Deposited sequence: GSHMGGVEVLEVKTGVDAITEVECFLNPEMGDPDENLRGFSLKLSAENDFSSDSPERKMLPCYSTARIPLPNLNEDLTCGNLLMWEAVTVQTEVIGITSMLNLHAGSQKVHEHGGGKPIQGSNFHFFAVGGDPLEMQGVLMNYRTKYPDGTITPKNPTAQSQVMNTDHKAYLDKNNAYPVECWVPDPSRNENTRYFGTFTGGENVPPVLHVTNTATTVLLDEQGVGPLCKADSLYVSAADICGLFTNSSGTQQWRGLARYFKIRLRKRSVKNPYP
């Protein structure tokens, strides 16, 4: 695409639900109880235990009254926020007491907060803790992995082209691709890591690259992608479940001239 001038503005928005595994009709936003200590040679996680990347396609009207200069929608900025962070102030429901006569144990531990906005589906690279993991039906995971899949195996290239299918533990945004997508992620690992989450409607991320060009909706589609694993919920029984929250996107779009 040869990018020309800006045509001299609309907003689109989405609340993207998290895909934590949802083990029954009442535990929407939670994973299945976590298993532990599986040998690498016999590691068969159940589908409902594995959080997956969330994604939605926002369709836009074509701008070309007549198909040398075309018009495409261009993403300029995004406002994004994790939705429901105060829900972790419920220490009365389900959580193990911190000590005798105490309140419930807060959600805490390993967390991952990630979003992307592009004119194409997110491009991902596969990396596994254990190349021998047997992944369950309904997941899409690195094909024909080897030991090299525990470091970098360039065979593992995927599109985030399906909601609730690509396990977060198997896939990362690919920095060698995503020419038409901007992505941002923080991983914080550990048993006792405190969740730290900020809300403000005053924060904007600018999506323009070094040349002042945002993601271009080449096929009149805008892609939003997220993963928001807030930490682990510890049941009275001792079992643990991932908890996730929805993510809001508001994307400012403008019309961009291009050659064709």
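Enquirer: What's missing from the model if you number the deposited sequence from 1?
Expert: Several regions go unmodelled: 1-6, 15-18, 78-79, 273-275.
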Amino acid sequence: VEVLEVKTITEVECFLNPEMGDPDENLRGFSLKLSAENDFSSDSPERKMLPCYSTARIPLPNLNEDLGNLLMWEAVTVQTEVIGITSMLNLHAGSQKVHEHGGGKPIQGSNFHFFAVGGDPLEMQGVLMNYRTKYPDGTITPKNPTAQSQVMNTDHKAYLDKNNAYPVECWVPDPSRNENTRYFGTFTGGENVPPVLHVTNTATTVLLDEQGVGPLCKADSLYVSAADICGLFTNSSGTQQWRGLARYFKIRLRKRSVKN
From here on, numbers count along this sequence of modelled residues.
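Enquirer: Out of 68-76 and 110-118, which one has CA B-factors that are higher on average in the deposited record?
Expert: It is 68-76 that shows the higher mean C-alpha B-factor.
Enquirer: Would you mind comparing 241-249 and 17-25 for me and telling me which has the higher average C-alpha temperature factor in the entry?
Expert: In the deposited entry, the stretch with the higher C-alpha B-factor mean is 17-25.
Enquirer: Going by the deposited entry, which of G126, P136, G185, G84 has the highest CA temperature factor?
Expert: Within the set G126, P136, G185, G84, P136 shows the top C-alpha B-factor.
Enquirer: Of the choices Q150, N90, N163, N180, which one's C-alpha carries the largest B-factor in the record?
Expert: Of the options given, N163 has the highest CA B-factor in the PDB entry.
Enquirer: For the chain shown, is the CA B-factor of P145 in the lowest, middle or highest third of its modelled residues?
Expert: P145: CA B-factor falls in the highest third of its chain.
Enquirer: Report the third (lowest, middle or highest) to which the CA temperature factor of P195 belongs, ranking only the modelled residues of the same chain.
Expert: It belongs to the middle third of the chain when residues are ordered by C-alpha B-factor.
Enquirer: Among the chain's modelled residues, which third holds the C-alpha B-factor of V224?
Expert: Tercile = lowest for this residue's CA B-factor.
Enquirer: Among the chain's modelled residues, which third holds the C-alpha B-factor of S44?
Expert: Ranked within chain, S44 CA B lands in the highest tercile.
Enquirer: When the deposited Cα B-factors of this chain's modelled residues are ordered and cut into thirds, is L232 in the lowest, the middle or the highest one?
Expert: According to the entry, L232 has a C-alpha B-factor in the chain's lowest third.
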